[PDB]
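This report refers to the structure that appears directly beneath it.
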Amino acid sequence: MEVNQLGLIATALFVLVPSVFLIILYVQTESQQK
Amino acid sequence: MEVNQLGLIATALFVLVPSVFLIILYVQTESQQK
Amino acid sequence: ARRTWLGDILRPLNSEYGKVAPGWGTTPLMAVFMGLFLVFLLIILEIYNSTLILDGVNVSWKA
Amino acid sequence: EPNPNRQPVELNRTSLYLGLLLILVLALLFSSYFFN
Amino acid sequence: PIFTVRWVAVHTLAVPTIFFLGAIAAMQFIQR
Amino acid sequence: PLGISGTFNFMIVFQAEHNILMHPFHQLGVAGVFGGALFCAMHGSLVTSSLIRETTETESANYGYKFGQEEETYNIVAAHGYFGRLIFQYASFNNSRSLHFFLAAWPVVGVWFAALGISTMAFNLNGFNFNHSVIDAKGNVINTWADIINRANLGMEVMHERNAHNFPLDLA
Amino acid sequence: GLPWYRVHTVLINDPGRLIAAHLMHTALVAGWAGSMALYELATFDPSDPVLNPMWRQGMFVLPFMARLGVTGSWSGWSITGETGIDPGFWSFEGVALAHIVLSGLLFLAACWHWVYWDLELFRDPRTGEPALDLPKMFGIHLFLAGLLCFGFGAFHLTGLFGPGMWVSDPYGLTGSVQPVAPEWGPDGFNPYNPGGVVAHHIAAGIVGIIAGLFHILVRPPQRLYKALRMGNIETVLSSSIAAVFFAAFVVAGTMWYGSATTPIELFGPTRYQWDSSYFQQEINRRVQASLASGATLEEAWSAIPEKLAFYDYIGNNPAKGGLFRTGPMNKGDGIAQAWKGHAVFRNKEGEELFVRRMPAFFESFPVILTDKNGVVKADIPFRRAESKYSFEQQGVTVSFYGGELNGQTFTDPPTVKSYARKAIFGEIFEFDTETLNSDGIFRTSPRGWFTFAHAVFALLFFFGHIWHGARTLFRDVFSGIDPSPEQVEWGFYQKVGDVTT
Amino acid sequence: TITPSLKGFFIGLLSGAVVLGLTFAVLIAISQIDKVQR
Amino acid sequence: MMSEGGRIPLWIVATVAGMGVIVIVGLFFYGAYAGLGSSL
Amino acid sequence: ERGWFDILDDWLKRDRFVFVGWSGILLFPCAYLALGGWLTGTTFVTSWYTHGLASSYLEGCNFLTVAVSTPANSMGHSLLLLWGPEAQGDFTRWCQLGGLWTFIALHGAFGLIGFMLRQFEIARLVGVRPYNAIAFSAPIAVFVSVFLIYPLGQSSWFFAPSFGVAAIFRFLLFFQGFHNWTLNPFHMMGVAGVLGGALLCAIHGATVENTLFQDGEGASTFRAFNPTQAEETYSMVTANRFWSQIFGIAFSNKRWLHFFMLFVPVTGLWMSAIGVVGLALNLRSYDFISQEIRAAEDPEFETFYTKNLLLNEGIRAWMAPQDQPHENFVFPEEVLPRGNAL
Amino acid sequence: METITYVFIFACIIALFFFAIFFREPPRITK
Amino acid sequence: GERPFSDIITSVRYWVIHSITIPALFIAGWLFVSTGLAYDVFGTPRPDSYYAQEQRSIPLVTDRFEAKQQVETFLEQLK
Ligand code: CLA
Ligand code: CLA
Ligand code: CLA
Ligand code: CLA
Ligand code: CLA
Ligand SMILES: CC1=C(/C=C/C(C)=C/C=C/C(C)=C/C=C/C=C(C)/C=C/C=C(C)/C=C/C2=C(C)CCCC2(C)C)C(C)(C)CCC1
Ligand SMILES: CC1=C(/C=C/C(C)=C/C=C/C(C)=C/C=C/C=C(C)/C=C/C=C(C)/C=C/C2=C(C)CCCC2(C)C)C(C)(C)CCC1
Ligand SMILES: CC1=C(/C=C/C(C)=C/C=C/C(C)=C/C=C/C=C(C)/C=C/C=C(C)/C=C/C2=C(C)CCCC2(C)C)C(C)(C)CCC1
Ligand SMILES: CCCCCCCS[C@@H]1O[C@H](CO)[C@@H](O)[C@H](O)[C@H]1O
Ligand SMILES: [Ca+2]
Ligand SMILES: [Cl-]
Ligand SMILES: [Cl-]
Ligand SMILES: [Fe+2]
Ligand SMILES: [Mg+2]
C-alpha cells in the first residue's frame, strides 16, 4: 500500500516520547524513600 | 538524495532508546533519599 | 521457603552441594579423554583442511 | 515476604553525560550508513 | 655444569643473534 | 580538506606523491601513536589492577577514591611486582615520576616526528625509494614488496585530479 | 547502588529468579523465531525455486525450517515448487505458530518463577542457604542433551520416526528432504557427507548419555572443584561462553565453506564455487558431452538447466555484497526472470573469444577478451587515442545459444559491448529491476549474513569468556587488593605468592 | 589403506608427543632435584 | 680469570660495544649502496 | 610425601629473574619459534615461488623490504605443516612453498594465548586484579581477525598480511583500493581509540609531571619520589582546576581516569577487529548508494567520496597484475584508468 | 530529512557540551 | 638469586669466554653465507637462478599438492 513514508516515524515518536516521559516519572517516584 | 527510507527511523530509535534508558536511570538516582 | 509436590520429588537432585571426591580422584582419566578429544578435533580439522587426505573421503560437494 | 536479593541502581550525572556523549556520537557516525 | 633459566633464556637469543649478524655482514659483499 | 572523506583524499594523494609509508618520520609517528595507545592501556590496566579495597561488591570501585584525598589510591609496589615479573624486574617502573614522564614523552616525541614528516615531505624530501633496487645476475628486476607498493602508488598518481594535469610530470 | 552494567548480578544468589530471567530470555528467542518466520512468509514469493529461490529473497529462517524437513505451506505450495501438497500441521505456518505459543507459555512460567522465587528446592537442606549443586546439574543436563541428540539422529534424521534432512546433488539442482542413513566409516567425517551428520548425532548422543551418567554419579575431585571454583555459578558462565564461541566459529566456518548442513539451495552458492569456476566447469562438461553425442551448439546449450546457469553468475556469489547494502539479493541486480542464453564472442576472423571474468575482490573490472590460449584479442579501452583492441577495430560480435536469445547474433558494437560487460559476471540473465526498485548494486545472501553475524558474535564472546573467567578466578580481589609488602616485592619468597616459602 | 598424508599425520602426532613428553620429563626431573624447602 | 665484577670497567664495555654496533650498522648501510640491493 | 604435580608447580612458580609458570610451557616455545621463524625467513628465505618477490637480506632486501610472505594462492588455507601433503617433510621445499608463514602465524597465535595466560598467572600469584590480561584481549582480537579470520574468509592465506614492514604497508594500500577500508565506521572507531589512547597517554603523563608536589630540593625532580610513600606525588586538585578552566571538564576521580585509559584504546582495537571480520567476506562499507545514484545521473555532481573511489579504481588496476600473480592478469595499456597526461 | 537529522544530532551534542561544563557535578574535597 | 649482568659482563672470566665464542659464532654465520650453504638449506635463488636465460615468466606455484614437484621442475629448467 502506498502509505505516507513519514507515517512510521510519526507513529513511533507519538508512542515513544510521551510513554518514556511517563516511565521516567514512574521510576523516580518508586525510587523515592519508602 | 535517494537515501534509505528506514535510515530516519533507525537513527531516531538508535538515539532515543539508549538515551532514554540513561535518563530513566539518572533521574531515579537523583530522587533517591540523599 | 515454599515446599511443593514437584520440589519434594526433585530434592535429592539438589542435595549434595559442595561434595567432592578426595584429592585428584578421576582427574587422570579425564586427562586421557581430553587428549583423545584434542586428537579427534585435530583429525576432523585436517580432513576439512585437506591436510589429511583419506581413501574414499572426497571433501567436496562432488564425489 | 520481600526478596532480599533486591538492590538500588544508580547512574550519576557524569555517567549520564558520558553515556549521552557516546550515544549521540555513535549516532552521528552511523547515521550516514543508515541513510546510505 | 649448573645452568639457570636466565642463562638459557639469554643464550637462546644471543647465540643465533651473533650467528645471524655474521651471516648478514657477509651478505654485504655479495655482487650479482 | 576539513572533512572526513576529504582527509582520506589528502592521505591517499600524499602517499602517491611522497610514499609517506616508507618515510621513517611517519614510521616514528606510527610508533608514537600505537605506542601511546599500548602504554595508555598498559598504565590504565596496571593502576586499575592494584586499586586498594575500599568498596563493597555491589559498589563501583571508583567510589573508593575521594577527590582531593591525600593517600595514593592504588599500590604501585604491587603494580610493579606484577609488571616486573611480567617482563623482568628492570623493565618495570616503580618511580611514578619516571613513569608519567615516559607516558608524556613517547607519544609526544613520536607525534613531533609525524608533524615533521609532513612538514619535510612538504619540501619533497620523500619516503625511501627502493623501486627496482633488487636486480639479478643478468639485470632482470626482481620485485620486492617495495615494488608492489609502487604499483599501488602509481594507481593513485595516475587517477588523482584526473582533469588537472596537461604535462607529463606532477611537479607539485 | 549497583552501576548500570551490574544490574543483573542480583540473580547470582537467587536460583528461582535466575530461572525466571532464563525463561524470559527463552520466551524472547522463541518469540523472535515465530515473528521472523511469519514476516518471511508474508514477504516470500514461492513461485520460482529456479530463479527466485529463498536465498535470493533475504530469507533467513525459512532455510532452517527447510533444512530439517519443513518444506510445505498450508496454502498448498512446497519450496521445491510443488502444488497440491498437504504438509499437515508442520508447515512453515505451523512451526511459526508453535513458537509463538511456546513463547507465551515460557513468559507465564517466567512470571510464576519470579514471584515464587523462594522454593525449598533452591536451599541447602543443611545450611538453609541458596545452593545449586552445579556438578550434578551438569550430569542431569548432559544426560538429557545426550538423549535428545541421540533421538534426533536415530529417529528424525534417519526418517525412522521423522522426516529426514535436506540433501541434494553436487550442483544443487534437485534438492529435497530425504531420510539419511548413518555413515560409520571414515567418510562420516567428510563435512559434505550427510550420513556423517546422522552418525554424529547417534554416536555423540550415546556418549552424552554415558558421560551424563558419569557426571550424575561421580563427584568432582577436590582438586578440580577447588581449582575451577565449582561452588561459584560464574565458573559455569565462563566455560559455557567458551563452548558457545567455539560452536559459533564452527557454524560460521561451515556456512562459509559449505557442508552438508549448509546446502546451496537453502543458503545460496559459496564464494569458492565462483573462485574455482565449479559451475562453469560442469556446464562446459555437459555442453561438450552433448556436442560429442551429435547436438548442434543451440541444442547443447539449450539442454543446460536455467538453474545450473544461474549458479554460474557472480550476483549469486556471497562475497560480492556490502555491510550497509541491506535486504534481499533481488534488491540489487533484480528479480531474475530468464537466462538470456550463453554468449559466444567472436572477432572478424571468426575466432571464439572469452571475456575475462570478475574476481570477487573487484567492485569494478575492465572488459578484456582473450582467445582460447589466453592471448588478448579485444577489450573496451579507457583512453581511445592509442586503442588497438577495440571491439570496433576487431569486429567483435556475439551470438547466443540456449535461453531467451538462442540463435541471435548482435553486431552493433555498443550492444556487443553491453553484453560483454554482463559476461564479466558469468552467465547472463534478464532481471525485473522495477518491482523492488532495484538499484543495480550487488548484495550478499543469507550465507554471507549468517557467517558475518556468527564470526562477529563468536569473537565478542571470546571477550565475555575472558571476562567471566577472570571474575571467577579473582572473585576475592574484585573490589580491590588487600589494604604483605613482601609478597609483591622481590627477594622475600622462594616461590611467588606462597608465604610458606 | 594408509595414504601418504595419514602416515604424515602419524609422524606429526608422534613428533608432538615426543616434544611434549621430553619437555615434561625434563621439567619433572629438574623440579625433583631442585626443591623449595618448607 | 676471576668472576669478580668491576675488573673491566662498565664504561669501557659500553664504549667498545657501542662502537661495535656503529661499525656493524655502518657496514649494513654501505651494503645498501653496493652489490645486491644497490639498484646497480 | 608431596606429589609430583605440586613439586613441578613449586619449581614453575619460583621467583626467578624470568618468571616461568605453567603458562611458560606454552608461551616460551611458541613466542621463541614465532620470533625465530621471522628472523630466519627475513634473513634467508625467498618469496619467489609464492609471490615472484625477493624478501630476505640474502637476496638484497633491507629491513624495510624483507618479509616472511604468505603462501601461493593455490595453497588455499592449507595448514602447510612441515610433514603435510604439500611439503612432505622437505624443509627446503616447505620454505619455498611459504610454510614459514603458517608456522609464524600459528606459533604466534599460541604464543599470544600463552602471554595472556601469563598475565593471569602472575596476577593470581601477586594478588592483583587481572585487568592487564583483560586489556590484552584487544591485541588478541586484532591478531586473530587480521591474520586468521580475514584470510580464512578470502580465497587463501596468500591474502593475509605478510610479515614485513613494506609488506604490511602493501596490506594497508590493498585495503584502501579494494575495501575502501577508511570509509568503514568500525575502522574509524579503531582510529578514535588509538589516537584517543595516545592523547590520554600524553595528556596524563604531562599533567602528572606538571602538577608534581615539591618533595625535594633538586631541579631534576625524579629523585623526590618513594615507591612506598603514602602520599600522591602530584596534586589531583590543582590538575582538576587547571583542566576545568582550560578545557571545561576535568577528571576528579583517579580510579575512573585509569579505567578510562584502559577502556579507550582497548575498545577501539576491538571495534577495528569487527570491521576486519566483515572484510573477510568482502562485507565492506565501500559505497553510499545515494551518492552513486546522484553521481550516475548528474555528471556535475562531485564529492570527496567519488574522488576517492577514482583513486581506488587506479589502485586496483595498477597493482592487481603484480600483486595477484596467480590471476595471470594482462591489462593492455589502453584499458588502464588514467587521468589526463599522467 | 537527512540534513535535518545530521544537524539535529550535532546540535544535541553542542547542548550536551554546555550542560557537561556549566551544569557538571561540582568537584568537592571531602572536607 | 643470581648475579647482576653488570657484574658478569665486567669480569675477566666473562670476556675470556666470550672473546672466543662471539667471534666464533660470527664467523660461522659469515661462512654459512660465503660458502653458499645458506642458499641450499633454504632454497633461495642465487642471483643467476631467478630465471633460465631466455624466459621472463616467474616460477609461481599453481598446484597445491604437487607444488613440491612444480618447484623441482622449475629448478631443472635452469639447465
Ligand atoms: C562415528 C561417530 C561420529 C561421526 C561420523 C561424526 C561426524 C561429525 N562430527 Mg562428531 N563427535 C562424535 C562422533 C562422530 N562425529 C563423538 C563421540 C563426539 C564427542 C561428544 C563428537 C563431538 C564432535 C565435535 C565437538 C564436533 C564434531 C563434528 C563432526 C563433524 C566433522 C565435520 C565438520 O564439519 O567439522 C567442522 C569442525 C571442525 C573441523 C572442528 C574445528 C576445530 C577448531 C579449529 C578448534 C579451535 C577453535 C578455536 C575457538 C578457533 C579460534 C581461532 C579461529 C577464530 C581462527 C561431522 C558431522 C564437528 C562439527 O560439529 O562440525 C559442524 C565438531 O566441532 N563432533
Ligand atoms: C544473526 C542475526 C541475523 C542475520 C545474519 C540476519 C540476516 C538477514 N536478515 Mg534478519 N533479523 C534479525 C537477525 C538476523 N538477520 C533480528 C534480530 C531481526 C529483528 C530486528 C531481524 C529482522 C529482519 C527484517 C525486518 C529483515 C531482515 C532481512 C535479513 C537479510 C538482510 C540483512 C541485512 O540487510 O543486514 C544489514 C545489516 C547491517 C546494516 C548491520 C548492522 C550493524 C550494526 C548497526 C552495528 C552497530 C554498531 C554498534 C552500535 C557499535 C557500539 C560501539 C560501542 C560498544 C563502543 C538477511 C538474510 C531483510 C530481508 O531481506 O528479509 C526478507 C529484512 O527485511 N531481518
Ligand atoms: C550467556 C552470555 C552472558 C551472560 C548470561 C552474561 C551475564 C553477565 N555479565 Mg557478561 N559478557 C558476555 C556474555 C554474558 N554475560 C559477552 C559476550 C561479553 C562481551 C560483550 C560480556 C562482557 C561483560 C562485561 C564487561 C560485564 C559483564 C557483566 C555481566 C553480569 C551483569 C550483566 C548486566 O547487568 O548487564 C546489564 C546490561 C544492560 C543494562 C544493558 C546492556 C546493553 C547492551 C550493551 C546492548 C544491547 C544488547 C541487546 C539488547 C541484546 C542482543 C543480544 C544478542 C545479540 C546476543 C552478568 C553475570 C558485568 C559484571 O561482571 O558485573 C559484576 C560486567 O561488567 N559481561
Ligand atoms: C587468549 C586465549 C585464552 C586465554 C588467556 C584464556 C584464559 C582462561 N581460560 Mg579459556 N579458552 C580458550 C582461550 C583462552 N582462555 C579457548 C580457545 C577455549 C576453547 C573454546 C577455552 C576454553 C576454556 C574452558 C572450557 C575454561 C577456560 C578457562 C580459562 C581461565 C583459566 C585458565 C585456563 O583454563 O586456560 C586454558 C588453556 C588454554 C587456553 C591453553 C590451550 C593450549 C592448547 C592445549 C595448545 C594446543 C596446541 C594444538 C594442538 C596445536 C595444533 C594446531 C592446529 C591448528 C594444527 C582463564 C580465564 C577455565 C575457567 O574459566 O575457569 C574459571 C575454563 O573452565 N577456557
Ligand atoms: C607448546 C609448545 C608447542 C605448540 C603448542 C606447538 C604447536 C604447533 N607446532 Mg610447533 N614446535 C615446538 C613447540 C610447539 N609447537 C618446539 C619446541 C619445536 C622444535 C622441536 C616445534 C617445531 C615445529 C615444526 C617444525 C612445526 C611445528 C608445527 C606446529 C603446529 C602443528 C603441530 C601439530 O600438528 O602437532 C600434532 C601433535 C600433537 C597435537 C601432540 C598430541 C599429543 C597427544 C595429546 C598425545 C598423543 C600421543 C600418542 C599416543 C602417540 C602417537 C601415536 C602414533 C600413531 C604416532 C602447531 C601450531 C608445524 C607448523 O607450524 O606448520 C605450519 C610445523 O611444521 N612445530
Ligand atoms: C502471552 C501468551 C500468549 C501470547 C504470546 C505471544 C503473542 C508472544 C509473542 C512474542 C513475540 C512476538 C516476540 C518477539 C521477540 C523479538 C525479539 C526478542 C527481537 C529482538 C531483536 C534484537 C535483539 C535485535 C538486535 C539488532 C538490531 C535491532 C539491529 C541489527 C543488530 C542486531 C541484530 C543486534 C499465548 C496466547 C500464546 C498463550 C499463553 C499466554
Ligand atoms: C658510552 C656509552 C654508550 C656508547 C658510547 C659510544 C660508543 C661512544 C663513542 C665515542 C667516540 C668514539 C668518540 C670519539 C671522539 C673523537 C674525537 C672528538 C676526535 C677529535 C679529532 C679531531 C678534532 C681531529 C682533528 C684533525 C684535523 C681537523 C685535521 C687532521 C688532523 C686531525 C685528525 C688531528 C651508550 C650510548 C651505548 C650507552 C651510554 C654510555
Ligand atoms: C624457524 C624454524 C625453527 C626455529 C628457528 C629459530 C628459533 C631461529 C632463531 C633465530 C634468531 C633468534 C635470530 C636472531 C637474529 C637477530 C638479528 C639478525 C638482530 C639484528 C639486530 C640489529 C641489526 C640491531 C639493530 C638496532 C636496533 C634494533 C635498534 C637500536 C639500534 C640498532 C641499529 C642497534 C625450527 C628449528 C624449530 C624448526 C623449523 C623452522
Ligand atoms: C600435567 C597434567 C595435569 C594433570 C594433573 C594430574 C596430577 S594427578 C597425580 O595423581 C597421583 C595419583 O592419584 C597423585 O599421587 C599425584 O600426587 C598427582 O600428581
Ligand atoms: Ca528504479
Ligand atoms: Cl583526487
Ligand atoms: Cl600540468
Ligand atoms: Fe597515572
Ligand atoms: Mg648490498
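Derivation of every value follows stated rules applied to the coordinates shown; laboratory data play no part. Quick reminder, even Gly has a Cβ in these numbers, built from the backbone with ideal geometry, and neighbours come from all protein chains shown.
Converting phi to 3J(HN,Hα) with the Karplus coefficients 6.51, -1.76 and 1.60 and the offset θ = phi - 60°, the range G:85-94 yields 8, 10, x, x, 4, 7, 7, 4, 5, x Hz in sequence order, with x at every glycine or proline.
Among the chymotrypsin sites (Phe, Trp or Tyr not before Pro) in the range G:180-236, those placed in a DSSP loop whose Cβ has at most 13 other Cβ atoms within 10 Å are G:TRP184. Amide H contacts of G:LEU2 (H built 1.01 Å from N, in plane; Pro and chain starts excluded): D:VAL9, D:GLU10 sit under 5 Å, all sequence-distant by 5 or more or on other chains.
If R0 is taken as 51 Å, the Cβ-Cβ distance between H:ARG38 and L:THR21 corresponds to a FRET efficiency of 0.85. At what distance in angstrom do the alpha carbon centres of the range F:1-71 and the range G:55-87 lie from each other? Centre-to-centre (Cα) distance: 52 Å. Which FRET efficiency, nearest 0.05, do I:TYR33 and J:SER220 yield, Cβ-Cβ r, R0 51 Å? My answer for the efficiency is 0.75. The order of the peptides G:453-462, K:7-16 by mean Cβ neighbours within 10 Å, most packed first, is G:453-462, K:7-16. For chain J, adding -39500 (n - 2.57) for each run of n ≥ 4 DSSP H residues and dividing by the number of residues yields -18500 deg cm²/dmol at 222 nm.
Classify the protein assembly as shown as rounded, prolate or oblate from the Cα gyration tensor: take a ≥ b ≥ c as the square roots of its eigenvalues, call it rounded if a/c is under 1.5, otherwise prolate when a/b beats b/c and oblate if not. It is rounded, given that a/c, with a ≥ b ≥ c, falls under 1.5. Note on C:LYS62, J:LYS254, G:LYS307: ascending count of other Cβ atoms within 10 Å places them as C:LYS62, G:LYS307, J:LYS254, the fewest first. Using +1 at the Cβ of each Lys and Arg and -1 at the Cβ of each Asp and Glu in chain J, identify which of J:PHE331, J:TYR131, J:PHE169 lies farthest towards the dipole's positive end. Selected residue: J:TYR131.
Between G:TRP467 and G:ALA243, full extension at 0.36 nm per residue minus the direct alpha carbon distance yields a gain of 79.2 nm.
In terms of other Cβ atoms within 10 Å, L:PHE5, J:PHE17, G:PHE425 run from fewest to most in the order L:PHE5, J:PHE17, G:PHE425. Averaged over peptide H:12-18, the number of partner chain Cβ atoms lying within 10 Å of each residue's Cβ comes to 3. Straight-line cross-link partners of A:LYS34 among the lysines, defined as a Cα under 26 Å from its Cα and at least 8 positions apart when in the same chain: B:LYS34.
Seen against the Cα atoms of chain F and their longest principal axis, helix F:96-121 is set at about 10 degrees. Taking the average, over residues, of other Cβ atoms within 10 Å as the packing measure, peptides F:13-19, F:85-91 rank F:13-19, F:85-91 from highest down. Restricting the GluC sites (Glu not before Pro) of the range J:269-322 to loop positions (DSSP other than H, G, I, E, B) with no more than 12 neighbouring Cβ atoms within 10 Å leaves J:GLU300, J:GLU302. When only the Cβ of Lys, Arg, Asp and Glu is charged (+1, +1, -1, -1), the dipole of the range J:159-282 relative to its Cα centre reaches about 380 debye. Take each residue in J:323-331, count the other chain C-beta atoms within 10 Å of its C-beta, and the mean is 5. The distance linking the range L:49-79 with the range J:270-342 is 33 Å (Cα centroid to Cα centroid, whole angstrom). Here the spin labels are modelled as points 7 Å beyond Cα on the Cα-Cβ line, and at G:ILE85 and C:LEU38 they lie 4.8 nm apart. What the phi angles of the range J:200-213 give under the Karplus curve with 6.51, -1.76 and 1.60, with θ = phi - 60°, is a coupling list of 5, 3, 4, 5, 5, x, 5, 5, 3, 5, 10, 10, 4, 6 Hz, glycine and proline written as x. Here each label is just a point 7 Å from Cα along the line to Cβ, and for J:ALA230 and L:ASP7 those points are 3.6 nm apart. For F:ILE52, the amide hydrogen comes within under 5 Å of the amide hydrogens of F:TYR74, F:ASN75, G:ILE481, counting only partners 5 or more places away or on other chains and with H modelled in the peptide plane. Peptide packing for I:24-34, B:22-32 was compared via the average number of neighbouring C-beta atoms within 10 Å per residue; ordered from the highest value, the list is B:22-32, I:24-34. Please give the Cα centre distance for the range J:64-127 versus the range G:308-375, rounded to the nearest Å. Centre-to-centre distance over Cα atoms comes out at 37 Å.
Ranking G:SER238, G:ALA292, G:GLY162 by how far each Cα lies toward the positive end of the dipole of chain G (charges on Cβ) leaves G:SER238 at the top. Legend: calculated FRET efficiency, G:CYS111 to G:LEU147, from the Cβ-Cβ distance at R0 = 35 Å, rounded to 0.05, equals 0.75.
Placing +1 on the Cβ of every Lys and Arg and -1 on the Cβ of every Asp and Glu, with nothing else charged, gives chain J a dipole about its Cα centre of roughly 760 debye. Magnitude of the charge dipole for chain G, about its Cα centre and with charges confined to Cβ atoms of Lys, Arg (+1) and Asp, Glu (-1), is about 940 debye. The label-point distance for I:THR15 and G:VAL250, in a model that sets each label 7 Å from Cα toward Cβ, rounds to 6.7 nm. Arranged from fewest to most other beta-carbon atoms within 10 Å of their beta carbon, J:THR92, K:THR30 become K:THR30, J:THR92.
Within chain J, J:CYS30, J:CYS61, J:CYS95 have no other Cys Cβ under 4.7 Å of their Cβ and so lack a disulfide-compatible partner by this rule.
What number, rounded to the nearest 500 deg cm²/dmol, is the helix-based mean residue ellipticity at 222 nm of chain G, given -39500 (n - 2.57) per DSSP H run of at least four residues and division by all its residues? Calculated mean residue ellipticity at 222 nm is -13500 deg cm²/dmol. Take each residue of peptide G:62-72, count the partner chain Cβ atoms within 10 Å of its Cβ, and average: the result is 0. With unit charges on the beta carbon (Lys/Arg positive, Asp/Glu negative), name the residue among F:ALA137, F:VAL108, F:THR120 whose Cα is farthest towards the positive pole of the charge dipole of the range F:55-172. Selected residue: F:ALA137.
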